[PDB]
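Novice: Before I ask anything, here is the structure I am working with.
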Amino acid sequence: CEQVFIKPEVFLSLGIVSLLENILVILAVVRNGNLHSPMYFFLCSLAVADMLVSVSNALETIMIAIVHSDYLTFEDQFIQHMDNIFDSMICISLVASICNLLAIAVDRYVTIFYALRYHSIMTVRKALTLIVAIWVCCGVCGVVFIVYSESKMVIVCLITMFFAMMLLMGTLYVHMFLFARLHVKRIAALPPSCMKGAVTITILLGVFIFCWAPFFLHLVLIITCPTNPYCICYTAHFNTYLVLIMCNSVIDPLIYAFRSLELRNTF
Amino acid sequence: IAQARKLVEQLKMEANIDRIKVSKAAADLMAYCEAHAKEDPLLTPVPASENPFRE
Amino acid sequence: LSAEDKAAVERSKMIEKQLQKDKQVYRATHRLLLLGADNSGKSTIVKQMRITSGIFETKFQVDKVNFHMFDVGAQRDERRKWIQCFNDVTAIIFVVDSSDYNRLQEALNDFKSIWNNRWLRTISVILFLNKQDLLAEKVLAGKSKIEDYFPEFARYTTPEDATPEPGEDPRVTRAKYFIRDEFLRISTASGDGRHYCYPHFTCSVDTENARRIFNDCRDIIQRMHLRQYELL
Amino acid sequence: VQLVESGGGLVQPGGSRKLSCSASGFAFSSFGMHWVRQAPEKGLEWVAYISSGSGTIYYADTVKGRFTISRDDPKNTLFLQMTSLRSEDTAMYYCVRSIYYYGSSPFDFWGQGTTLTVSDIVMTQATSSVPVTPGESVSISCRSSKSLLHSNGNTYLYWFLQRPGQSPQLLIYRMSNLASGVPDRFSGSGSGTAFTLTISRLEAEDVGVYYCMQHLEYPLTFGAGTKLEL
Amino acid sequence: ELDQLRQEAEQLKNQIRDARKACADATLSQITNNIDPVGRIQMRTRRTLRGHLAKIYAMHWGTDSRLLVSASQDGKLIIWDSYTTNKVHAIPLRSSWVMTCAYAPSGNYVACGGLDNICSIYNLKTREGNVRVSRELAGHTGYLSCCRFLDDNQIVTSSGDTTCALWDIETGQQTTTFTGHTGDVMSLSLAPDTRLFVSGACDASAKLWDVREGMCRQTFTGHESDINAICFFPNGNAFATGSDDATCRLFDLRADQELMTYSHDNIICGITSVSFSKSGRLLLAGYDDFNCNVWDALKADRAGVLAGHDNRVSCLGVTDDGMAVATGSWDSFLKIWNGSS
């Protein structure tokens with residue numbers, strides 16, 4: 001119903017945890033040479049994006065705490081010149097995280113279903129090309145954050161892009177699980193259960209939902225129903241919503257890269 | 001039969017071979033090691049100026 | 001910095017460029033490995049899908065996927081040291097002489113040796129129970145029965161999942177499936193999802209043998225990638 | 001190995017003409033080529049350069065915006081497109097092969113030559129003629145402006161010998177080595193600025209003109225010659 | 001009968017073991033207990049050599065301590081320039097399963113061989129520019145595990161059949177053949193005067209051979225499993241061989257005995273390459289646990305470890321200047337090491 005003041009004593013903890021885990025991932029990849037395949041570069045792009053997100057939400061809070069403390073007095077002229085730059089960084093980094101996750105999902109689908117025509121087509125060069133392209137587009141889509149600024153239209157594109165890259169990342173994993181189901185049915189039907197697949201897909205999709213869907217439902221309603229008192233009582237919890245985003249950035253290096261035997265043995 | 005005869009003959013040539021003490025072999029090996037210890041680069045590293053792999 | 005040094009660097013660049021060209025042919029060429037008895041018919045299948053010396057390499061591509069199949073010839077009885085080379089291949093193809101009742105035990109001993117090696121733990125195995133028509137003659141024209149060399153055959157009836165081709169006696173199906181049952185008996189124990197065994201029935205004249213290797217190798221790659229993503 | 005090149009003759013000033021060098025007998029793609037020219041009664045003079053892979057091309061100051069060099073690896077031929085020819089381009093153009101890897105021997109084969117007639121580092125060979133009688137040990141000298149001893153140990157001085165009516169022929173590469181088919185008599189020594197080529201026992205097939213070339217940096221510059229008469 | 005011959009052989013073996021046990025007054029540890037140990041040898045990957053498409057099985061140093069041949073399952077031999085990390089030549093082979101390679105002392109030739117039963121000789125310094133096959137030395141009936149040049153015209157080989165041989169290249173005719181073994185011959189090391197050579201063959205036995213004589217002039221039977229590498233101490237009087245168990249042992253020809261086992265309880269993987277340092281003071285050993293250990297040939301205590309590889313070391317060679325060590329591993333990378341001061 002009303003805005004909240006979650007202590008910045010927890011953003012420090014989340015930032016520390018995220019930075020620690022993601023640095024470990026990005027170091028593990030470069031400490032092994034049998035991890036210079038496309039998948040372990042997409043994982044690194046995701047990890048750097050997650051660090052960037054966590055530091056962005058940490059830096060806005062640290063700046064707010066320093067300015068509000070009335071220590072090292074600063075003018076309010078440039079505060080309204082930095083409160084928009086920091087939010088622009090949020091926009092770029094958020095799009096980067098989503099797109100890295102989609103890169104992982106599509107790469108996995110292509111490995112499974114196009115298995116014998118993948119080492120012919122997915123060189124390291126193309127993986128680097130794609131990572132750089134994604135980052136550049138995420139940069140331009142955060143430059144648009146301020147140039148065309150925010151006009152109830154950039155809200156539409158962002159909403160629809162999120163609620164399309166949720167359907168795609170559900171479709172790819174449901175399809176992969178059903179295929180794994182067929183395989184497990186055939187493996188068992190021979191001279192001497194879908195539990196593991198179900199748990200993998202459920203975790204990897206529910207983290208996406210319960211860690212991003214609240215924020216985009218926020219944004220959908222505050223550019224849909226910004227008057228209805230129920231809607232306002234809803235939108236009051238934006239602080240807990242960014243809490244959820246940082247929880248996503250903490251979990252991501254744990255169910256995408258730490259669930260890999262060789263990278264788990266590296267560190 | 002022929003293989004056994006060959007084995008017996010080979011053992012016969014094996015027996016009739018001069019041998020020395022183990023202490024002499026150990027002394028000879030340590031002597032060689034000490035004698036060339038100045039010109040062994042990996043054991044006694046050389047200045048980087050003379051090293052062709054970093055100059 | 002000197003001119004001769006620059007030209008040597010340029011020569012090295014051209015060599016490295018040719019090697020990078022040869023990566024794309026090395027990767028995207030699935031090696032196999034053909035192991036089978038002297039009477040099996042290894043080279044028969046080899047020539048089929050292709051159409052003091054040691055390795056007998058052969059090639060065949062199906063639906064734009066390269067396969068680079070091997071065969072070890074004049075090598076000593078022990079398979080110990082050089083099987084290490086054939087680690088990191090997509091499959092091992094195993095061919096038995098199905099008709100010759102007496103040598104099946106030697107075939108199974110070889111199968112068990114290949115299946116439980118210290119290497120080859122991650123490498124699957126394709127069977128080609130070869131010369132089946134010969135078994136059709138052998139057991140259609142009544143003669144020395146399978147029970148003569150096999151005790152357990154007396155208590156054996158055809159499993160439900162069988163797919164007898166039309167014109168196949170119910171006992172000849174037991175003849176065809178008893179060897180498959182034996183080899184899958186060897187396969188099912190001693191192995192947990194890291195690799196599998198793909199039985200097959202092949203006469204000496206059949207032409208659809210390259211496609212079976214295509215499908216089987218696709219399966220191996222898919223199950224590998226699915227386990228890597230913990231969906232299986 | 002066998003290199004022959006053709007395409008020369010009389011051309012009026014200001015015209016153009018293409019020289020082609022048809023290689024046959026060696027792996028043309030692994031060698032970089034050169035063009036060296038000899039004025040009617042003068043010494044040698046470097047002209048162009050194209051490397052393996054066609055990726056590096058150098059020229060001389062007096063032909064740079066005027067000549068171009070190209071090669072055709074599949075056809076095993078090498079070109080030189082001369083344009084706007086001036087009277088100072090009357091020369092005997094040669095087609096020299098050179099391979100550069102560790103321990104190679106650049107300038108190891110020189111073609112026969114084609115005749116064309118139109119209507120930075122200084123290498124000094126102070127001597128220009130030496131009488132000599134067979135069986136006497138000769139010593140031919142050559143001086144340099146800069147020091148040719150690069151920091152990596154090479155000295156990059158080359159010695160040649162072109163007999164009365166023949167194409168040149170490598171004797172010494174990098175100031176101290178011997179080409180493939182050269183007698184043990186020849187031997188070269190030097191310090192880094194001053195150089196010598198010492199024949200031990202001269203024979204009637206050793207008379208000619210001995211040339212010294214530098215290869216420290218482009219352009220490559222020659223001496224003037226040291227004729228041995230008999 | 002055969003029983004009499006068997007009893008005679010057993011008596012002779014008892015005699016051999018009695019003679020070996022008798023002349024064994026001390027052990028190298030007892031003599032070296034007063035020798036000042038070397039410190040921890042720190043060696044850093046000065047320059048990594050990249051470009052092989054798959055695993056490396058063999059490397060050899062040119063006698064000038066700058067050039068380097070390597071063999072890979074790809075079907076290629078690369079001649080590296082160590083100092084500049086440059087490719088000099090790249091030889092495409094006929095058979096993909098190369099298992100050995102050698103660099104001729106004169107720098108003119110390079111050899112290779114493998115599962116294909118043939119040893120191939122390549123002419124590096126050809127008037128036409130490319131590297132060509134000079135001879136294919138056929139005659140073996142098993143995979144060829146090691147090739148070493150004695151001169152431009154003589155080469156010694158060892159193959160899977162219990163057999164090493166000396167070849168005359170200009171004829172291709174097996175000047176001599178060496179018979180005694182029971183298993184697969186794996187390694188080979190010429191003496192630093194091409195007069196003798198040694199080989200260990202998949203039966204826990206390594207035999208010294210006379211090249212001009214053929215006779216197996218010595219034998220050594222200390223090991224417990226396959227022998228995978230062998231080399232001489234520069235003296236020519238010692239050789240140390242590493243086995244498929246976790247032990248490297250040092251043998252002396254004059255004593256005709258074992259001297260010192262370089263083993264540790266913490267190691268279970270086998271040894272895949274062994275090479276001595278220039279002074280006979282450092283003994284490098286390649287292991288299956290992805291890293292090369294450096295031992296001390298006199299004190300038997302690790303003085304280093306070359307942890308820079310991501311897979312099984314397969315090959316290991318020290319220059320003739322003693323100034324570098326190169327290591328090839330199944331990760332297709334080749335790394336050159338030397339210390340810093």
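Residue numbering restarts at 1 in every chain; chains get A, B, ... in the order shown in the structure tokens, and ligands count up from 1 in that same order.
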Pull out every residue of chain D that has at least one atom within 12 Å of chain B, counting only C-alpha atoms, and report them as a PDB file with C-alpha atoms, in the first residue's frame.
Specialist:
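As a result, result-v2.pdb now contains:
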ATOM      1  CA  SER D 151      69.820  -7.853 -32.549  1.00  0.00           C
ATOM      2  CA  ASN D 152      68.882 -11.499 -33.152  1.00  0.00           C
ATOM      3  CA  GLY D 153      72.307 -12.584 -34.422  1.00  0.00           C
TER       4      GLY D 153
END
Novice: Starting from chain E, keep only residues with some atom at most 10 Å from an atom of chain C, counting only C-alpha atoms, and report them as a ChimeraX atom specification.
Specialist: /E:50-55,57,73-74,76,78,80-81,84-90,95-99,114-118,138-143,160-162,183-184,186,202,226
Novice: Counting only C-alpha atoms, figure out which residue out of A:2, A:38, A:243, A:221 gets nearest to residue 124 in chain A.
Specialist: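 That would be A:38, the residue with the smallest distance to residue 124 in chain A.
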Novice: What lies within 6 Å of residue 207 in chain E using only C-alpha atoms, ignoring chain neighbours under 5 positions off, as a PyMOL selection string?
Specialist: chain E and resi 198-199+218-219
Novice: When the cut-off is 9 Å and we count only C-alpha atoms, which residues of chain A are near chain C, given as a ChimeraX atom specification?
Specialist: /A:108,111-121,123,176-177,180-181,183-184,187,189-192,194-201,256,259-261
Novice: Per residue of chain B within 7 Å of chain E, record the nearest atom pair and its distance in Å to one decimal, counting only C-alpha atoms, with rows in chain order and ascending residue number, as a tab-separated table.
Specialist:
residue	atom	partner	partner_atom	distance
B:1	CA	E:2	CA	6.8
B:4	CA	E:5	CA	6.6
B:8	CA	E:9	CA	5.6
B:11	CA	E:12	CA	6.5
B:14	CA	E:218	CA	6.4
B:15	CA	E:16	CA	6.1
B:19	CA	E:255	CA	5.6
B:20	CA	E:255	CA	5.4
B:21	CA	E:23	CA	5.3
B:22	CA	E:24	CA	5.4
B:23	CA	E:26	CA	5.8
B:25	CA	E:255	CA	6.7
B:26	CA	E:28	CA	5.6
B:30	CA	E:298	CA	7.0
B:33	CA	E:279	CA	5.3
B:36	CA	E:279	CA	5.4
B:37	CA	E:279	CA	6.1
B:40	CA	E:279	CA	5.7
B:41	CA	E:323	CA	5.1
B:42	CA	E:339	CA	5.9
B:45	CA	E:341	CA	5.7
B:46	CA	E:341	CA	6.3
B:47	CA	E:341	CA	5.7
B:48	CA	E:341	CA	6.8
B:52	CA	E:83	CA	6.7
B:53	CA	E:83	CA	5.9
Novice: Name the residues of range 23-165 of chain A that fall into helix (DSSP H, G or I) according to DSSP on the backbone, using the chain letters and numbers of this document, as an MDAnalysis selection string.
Specialist: chainID A and resid 23:30 38:68 79:113 115:117 124:147 154:162
Novice: Counting only C-alpha atoms, what is within 10 Å of range 29-32 of chain A, bar same-chain residues fewer than 3 positions away, as a list in words?
Specialist: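 Everything that qualifies: residues 24, 25, 26, 35, 36, 37, 40, 41, 43, 44, 257, 262, 263, 266 and 267 of chain A; 308, 309 and 310 of chain E.
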Novice: What lies within 8 Å of range 114-120 of chain D using only C-alpha atoms, ignoring chain neighbours under 2 positions off, as an MDAnalysis selection string?
Specialist: chainID D and resid 5:13 85:87 89:94 112 122 219 221
Novice: Selection from above, C-alpha atoms, as a PDB file, in the first residue's frame, can you write it?
Specialist:
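Result went into result.pdb, see below:
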ATOM      1  CA  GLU D   5      60.637 -15.447 -67.886  1.00  0.00           C
ATOM      2  CA  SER D   6      59.844 -13.656 -71.107  1.00  0.00           C
ATOM      3  CA  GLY D   7      58.195 -10.488 -72.277  1.00  0.00           C
ATOM      4  CA  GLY D   8      60.949  -8.044 -73.198  1.00  0.00           C
ATOM      5  CA  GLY D   9      62.125  -6.027 -76.157  1.00  0.00           C
ATOM      6  CA  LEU D  10      62.007  -2.556 -77.646  1.00  0.00           C
ATOM      7  CA  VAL D  11      59.331  -0.203 -76.310  1.00  0.00           C
ATOM      8  CA  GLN D  12      58.920   3.482 -77.080  1.00  0.00           C
ATOM      9  CA  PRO D  13      59.179   5.759 -74.034  1.00  0.00           C
ATOM     10  CA  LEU D  85      58.617   3.365 -69.122  1.00  0.00           C
ATOM     11  CA  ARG D  86      61.501   5.839 -69.007  1.00  0.00           C
ATOM     12  CA  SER D  87      64.979   5.633 -70.494  1.00  0.00           C
ATOM     13  CA  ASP D  89      64.611   1.239 -67.311  1.00  0.00           C
ATOM     14  CA  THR D  90      66.863  -0.472 -69.853  1.00  0.00           C
ATOM     15  CA  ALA D  91      67.917  -3.497 -67.833  1.00  0.00           C
ATOM     16  CA  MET D  92      68.138  -7.277 -67.711  1.00  0.00           C
ATOM     17  CA  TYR D  93      65.276  -8.222 -65.403  1.00  0.00           C
ATOM     18  CA  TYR D  94      65.635 -11.382 -63.342  1.00  0.00           C
ATOM     19  CA  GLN D 112      67.945 -16.662 -66.994  1.00  0.00           C
ATOM     20  CA  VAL D 122      74.756   2.217 -49.080  1.00  0.00           C
ATOM     21  CA  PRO D 219      64.807  -1.407 -50.100  1.00  0.00           C
ATOM     22  CA  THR D 221      70.646  -2.383 -52.131  1.00  0.00           C
TER      23      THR D 221
END
Novice: What does the distance between CA of residue 164 in chain C and CA of residue 211 in chain C come to in Å, to one decimal place?
Specialist: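 That distance, rounded to one decimal, is 20.5 Å.
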Novice: Define the interface residues of chain D facing chain E as those within 9 Å, counting only C-alpha atoms, and report them as number ranges by chain.
Specialist: D: 1, 25-28, 30-31, 99, 101-102, 104, 180
Novice: Those selected residues, please, written with N, CA, C and O atoms and delivered as a PDB file, in the first residue's frame.
Specialist:
ATOM      1  N   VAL D   1      64.490 -27.497 -60.167  1.00  0.00           N
ATOM      2  CA  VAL D   1      63.950 -26.149 -60.221  1.00  0.00           C
ATOM      3  C   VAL D   1      64.345 -25.483 -61.521  1.00  0.00           C
ATOM      4  O   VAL D   1      65.439 -25.705 -62.022  1.00  0.00           O
ATOM      5  N   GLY D  25      58.840 -26.675 -61.333  1.00  0.00           N
ATOM      6  CA  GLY D  25      59.799 -27.565 -60.726  1.00  0.00           C
ATOM      7  C   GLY D  25      59.897 -27.428 -59.226  1.00  0.00           C
ATOM      8  O   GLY D  25      60.722 -28.094 -58.600  1.00  0.00           O
ATOM      9  N   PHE D  26      59.066 -26.580 -58.632  1.00  0.00           N
ATOM     10  CA  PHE D  26      59.110 -26.374 -57.192  1.00  0.00           C
ATOM     11  C   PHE D  26      57.756 -25.855 -56.730  1.00  0.00           C
ATOM     12  O   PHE D  26      56.935 -25.406 -57.531  1.00  0.00           O
ATOM     13  N   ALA D  27      57.533 -25.928 -55.419  1.00  0.00           N
ATOM     14  CA  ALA D  27      56.264 -25.532 -54.825  1.00  0.00           C
ATOM     15  C   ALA D  27      56.105 -24.019 -54.805  1.00  0.00           C
ATOM     16  O   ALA D  27      56.339 -23.382 -53.777  1.00  0.00           O
ATOM     17  N   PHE D  28      55.623 -23.455 -55.916  1.00  0.00           N
ATOM     18  CA  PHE D  28      55.605 -22.010 -56.118  1.00  0.00           C
ATOM     19  C   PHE D  28      54.885 -21.275 -55.006  1.00  0.00           C
ATOM     20  O   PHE D  28      55.243 -20.140 -54.682  1.00  0.00           O
ATOM     21  N   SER D  30      54.849 -21.723 -51.857  1.00  0.00           N
ATOM     22  CA  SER D  30      55.600 -21.563 -50.624  1.00  0.00           C
ATOM     23  C   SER D  30      56.757 -20.583 -50.746  1.00  0.00           C
ATOM     24  O   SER D  30      57.428 -20.318 -49.747  1.00  0.00           O
ATOM     25  N   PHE D  31      57.006 -20.035 -51.929  1.00  0.00           N
ATOM     26  CA  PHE D  31      58.105 -19.107 -52.145  1.00  0.00           C
ATOM     27  C   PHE D  31      57.591 -17.711 -52.437  1.00  0.00           C
ATOM     28  O   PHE D  31      56.614 -17.536 -53.169  1.00  0.00           O
ATOM     29  N   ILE D  99      62.636 -18.068 -50.103  1.00  0.00           N
ATOM     30  CA  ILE D  99      61.749 -18.589 -49.079  1.00  0.00           C
ATOM     31  C   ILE D  99      62.299 -18.163 -47.733  1.00  0.00           C
ATOM     32  O   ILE D  99      63.518 -18.143 -47.529  1.00  0.00           O
ATOM     33  N   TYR D 101      61.925 -19.003 -43.854  1.00  0.00           N
ATOM     34  CA  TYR D 101      61.604 -19.631 -42.588  1.00  0.00           C
ATOM     35  C   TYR D 101      62.908 -19.759 -41.826  1.00  0.00           C
ATOM     36  O   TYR D 101      63.954 -19.292 -42.282  1.00  0.00           O
ATOM     37  N   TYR D 102      62.874 -20.384 -40.659  1.00  0.00           N
ATOM     38  CA  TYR D 102      64.100 -20.496 -39.888  1.00  0.00           C
ATOM     39  C   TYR D 102      65.083 -21.399 -40.605  1.00  0.00           C
ATOM     40  O   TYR D 102      64.840 -22.600 -40.755  1.00  0.00           O
ATOM     41  N   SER D 104      66.213 -20.914 -43.811  1.00  0.00           N
ATOM     42  CA  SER D 104      66.077 -20.967 -45.250  1.00  0.00           C
ATOM     43  C   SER D 104      67.254 -20.268 -45.914  1.00  0.00           C
ATOM     44  O   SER D 104      68.130 -19.701 -45.258  1.00  0.00           O
ATOM     45  N   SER D 180      73.458 -24.376 -51.699  1.00  0.00           N
ATOM     46  CA  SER D 180      73.396 -25.829 -51.787  1.00  0.00           C
ATOM     47  C   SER D 180      74.532 -26.393 -52.629  1.00  0.00           C
ATOM     48  O   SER D 180      75.257 -27.289 -52.185  1.00  0.00           O
TER      49      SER D 180
END
Novice: Pick out the residues sitting within 7 Å of range 127-131 of chain C, and hand them over as a PyMOL selection string; count only C-alpha atoms, and ignore anything fewer than 2 positions along from it in its own chain.
Specialist: chain C and resi 40+93-99+125+133-135+198-204
Novice: Could you write out the selected residues, including C-alpha atoms, as a PDB file, in the first residue's frame?
Specialist:
ATOM      1  CA  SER C  40      32.124 -61.544 -38.767  1.00  0.00           C
ATOM      2  CA  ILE C  93      30.738 -50.979 -34.026  1.00  0.00           C
ATOM      3  CA  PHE C  94      30.745 -54.662 -33.080  1.00  0.00           C
ATOM      4  CA  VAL C  95      29.976 -57.400 -35.609  1.00  0.00           C
ATOM      5  CA  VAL C  96      29.385 -61.027 -34.654  1.00  0.00           C
ATOM      6  CA  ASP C  97      28.994 -64.161 -36.746  1.00  0.00           C
ATOM      7  CA  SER C  98      25.476 -65.011 -35.646  1.00  0.00           C
ATOM      8  CA  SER C  99      25.170 -68.255 -37.599  1.00  0.00           C
ATOM      9  CA  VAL C 125      28.627 -49.806 -28.803  1.00  0.00           C
ATOM     10  CA  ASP C 133      20.156 -65.363 -43.367  1.00  0.00           C
ATOM     11  CA  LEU C 134      22.789 -67.987 -42.670  1.00  0.00           C
ATOM     12  CA  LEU C 135      21.066 -68.547 -39.331  1.00  0.00           C
ATOM     13  CA  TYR C 198      22.204 -50.778 -29.824  1.00  0.00           C
ATOM     14  CA  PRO C 199      21.386 -54.247 -31.193  1.00  0.00           C
ATOM     15  CA  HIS C 200      20.776 -54.848 -34.869  1.00  0.00           C
ATOM     16  CA  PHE C 201      20.021 -57.699 -37.270  1.00  0.00           C
ATOM     17  CA  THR C 202      21.837 -57.546 -40.600  1.00  0.00           C
ATOM     18  CA  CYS C 203      22.138 -59.970 -43.475  1.00  0.00           C
ATOM     19  CA  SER C 204      25.129 -59.730 -45.798  1.00  0.00           C
TER      20      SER C 204
END
Novice: Go through chain D residue by residue and, counting only C-alpha atoms, keep those with an atom at most 12 Å from chain C; for each kept residue give the shortest atom pair and its distance in Å to one decimal, ordered by chain and increasing number, as CSV.
Specialist:
residue,atom,partner,partner_atom,distance
D:29,CA,C:11,CA,10.7
D:30,CA,C:11,CA,8.2
D:31,CA,C:11,CA,9.6
D:32,CA,C:7,CA,9.0
D:33,CA,C:7,CA,12.0
D:49,CA,C:7,CA,11.7
D:50,CA,C:7,CA,10.8
D:51,CA,C:7,CA,7.8
D:52,CA,C:11,CA,7.2
D:53,CA,C:14,CA,7.3
D:54,CA,C:10,CA,10.4
D:55,CA,C:10,CA,8.4
D:56,CA,C:7,CA,8.6
D:57,CA,C:7,CA,11.2
D:58,CA,C:3,CA,11.1
D:98,CA,C:4,CA,10.3
D:99,CA,C:7,CA,8.5
D:100,CA,C:8,CA,5.4
D:101,CA,C:8,CA,4.8
D:102,CA,C:8,CA,7.1
D:103,CA,C:8,CA,10.1
D:104,CA,C:4,CA,9.7
D:105,CA,C:4,CA,10.6
D:106,CA,C:4,CA,9.2
D:148,CA,C:2,CA,10.5
D:149,CA,C:2,CA,10.6
D:150,CA,C:2,CA,7.5
D:151,CA,C:2,CA,9.1
D:152,CA,C:2,CA,8.9
D:153,CA,C:2,CA,11.1
D:154,CA,C:2,CA,9.6
D:155,CA,C:2,CA,10.8
D:156,CA,C:4,CA,8.9
D:174,CA,C:4,CA,10.7
D:214,CA,C:3,CA,11.0
D:215,CA,C:3,CA,7.4
D:216,CA,C:2,CA,6.3
D:217,CA,C:3,CA,5.9
D:218,CA,C:3,CA,7.7
D:219,CA,C:3,CA,10.5
D:220,CA,C:3,CA,10.6
Novice: Please identify all polymer residues within 10 Å of residue 301 in chain E, counting only C-alpha atoms, omitting same-chain residues fewer than 6 positions from it, and present them as a PyMOL selection string.
Specialist: chain E and resi 37-38+262-264+294-295
Novice: Take the residues just selected and output them with C-alpha atoms as a tab-separated table (two decimals), in the first residue's frame.
Specialist:
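The result, stored in again_29.tsv:
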chain	number	residue	atom	x	y	z
E	37	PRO	CA	69.25	-31.23	-2.04
E	38	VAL	CA	68.15	-28.87	-4.76
E	262	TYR	CA	61.16	-42.46	-7.71
E	263	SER	CA	57.68	-43.10	-6.33
E	264	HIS	CA	55.33	-41.43	-3.88
E	294	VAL	CA	60.30	-33.04	-11.63
E	295	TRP	CA	62.42	-35.38	-9.55
Novice: So what do you get for CA of residue 244 in chain A versus CA of residue 164 in chain A, distance-wise?
Specialist: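 These two atoms are separated by 20.1 Å.
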